[PDB]
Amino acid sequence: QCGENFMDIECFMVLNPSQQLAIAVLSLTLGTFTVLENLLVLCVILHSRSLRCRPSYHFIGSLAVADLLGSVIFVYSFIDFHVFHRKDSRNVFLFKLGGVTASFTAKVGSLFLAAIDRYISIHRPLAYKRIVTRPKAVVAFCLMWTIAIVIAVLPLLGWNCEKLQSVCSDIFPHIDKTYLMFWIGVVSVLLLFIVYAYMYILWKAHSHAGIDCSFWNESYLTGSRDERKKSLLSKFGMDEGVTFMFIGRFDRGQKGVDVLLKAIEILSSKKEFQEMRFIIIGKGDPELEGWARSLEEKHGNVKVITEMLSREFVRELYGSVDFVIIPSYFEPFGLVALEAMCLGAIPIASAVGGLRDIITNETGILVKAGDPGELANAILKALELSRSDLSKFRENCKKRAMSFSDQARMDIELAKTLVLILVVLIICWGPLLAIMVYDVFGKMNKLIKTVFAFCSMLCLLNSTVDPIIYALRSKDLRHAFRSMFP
């Protein structure tokens, strides 16, 4: 009885009473879960000055409201239509459906603003607090929400199959198929780009790395800066002098123990060598490992170490030793440099990869890789600089390391919580955006109408799992909620 383009609204009521009771109870319990969780998310954010001031939680707050407002309007209208068989006019029905559409596109746009926010953090790292001001983020969210609702109000104002005498959708009453066409594409292109963006943010974040500062904390030093040095040197060197430590492997053309072994030889003729002391550590290529051990007893002020050392034994090594040399050819992550600066060792390093990004002029001395003579000058510039008080510089490494590590470790987490929110949105709404595309070109049998009715519950699942993501993936939410509820 419903083959007409202007079909009766009864033919969208595609569910049988046992099916309605199941969908109803599932809608109510699932919806009740979303309500309780999302108002809890908002209350934690809204009632804390330290939270609501960050545009990161304007974004979390945005998703919370987008979930809360859309799901509540949906569950009320969805089951009122299906179980109570509501017979609302074309305007009021399109008005209720509009509230559900505005809420979803607001989430795609809230995801979109976050993608832009991270994009400019990667492309212009130095200008981020000035370009993403809190007020700029507030209005960027504000208008985004308005453009969202405007798209939702177009059918109400006349873009529908009744006012236009066009073709009606078989899923959505009164809705024009051409407006349906337009709506999928607009969120499909955003969601598609957001997918590309979020993968790029996650790749770029993993290009940097940080260390656990608990293991590499200075608090574990048991002795003064000069005395803790003397004793460790006393175990072998038994003298007081500036010490240059190396901790890597003995490959040729990678970590740069080759460049170091050539360097040390040309400092040996100089008189100032006696002030210097060196400690080489690691295991590697048999041709050059003996080269170091041929030099452990030839000059006698150097301990080369071939066997491994526990990561908790070397924390005291980094703190007492005056200098660490990183003559690497490739170092996208200066993890060894980070652990040294985190214990106060001043780093002389190659200008390669992270070493260049981490160490600046105020923290250490940078030398072109592959030139051992330039390295020989580095520890000579480190000799004339060692006599003058360099504790004013020793602490530049103390805070540069602990701050660089926390920006790299942070950015990793944002990139993870982002994609977590994305994938759950895709597998919840992907099926829904597929059944509508099957409607744009095609026809809905009574079956595809029924499964889409049952599949519409996914929008309430998505709204319920999002607060769980924030709860697990945000130590800040946790401490705020924890302090509110002892």
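Residues carry their position along the shown sequence, with the first being 1.
- For the pair 251-259 and 107-115, the record assigns the higher mean C-alpha temperature factor to 251-259.
- Note on 131-139 vs 378-386: mean CA B-factor is higher in 378-386.
- In this entry, the residue among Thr178, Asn396, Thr146, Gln165 with the greatest C-alpha B factor is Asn396.
- Sorting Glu272, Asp170, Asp80, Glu413 by the CA temperature factor given in the entry leaves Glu272 at the top.
- Among the modelled residues of its chain, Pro155 has a C-alpha B-factor that falls in the lowest third, as given in the PDB entry.
- Compared with the other modelled residues of the chain, the Cα B-factor recorded for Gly373 ranks in the highest third.
- Remark: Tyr318 belongs to the highest third of its chain, ranked by C-alpha B-factor as recorded.
- When the modelled residues of the chain are ordered by their C-alpha B factor, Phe84 lands in the middle third.
- Among the modelled residues of the chain, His206 sits in the middle third by CA temperature factor in this PDB entry.
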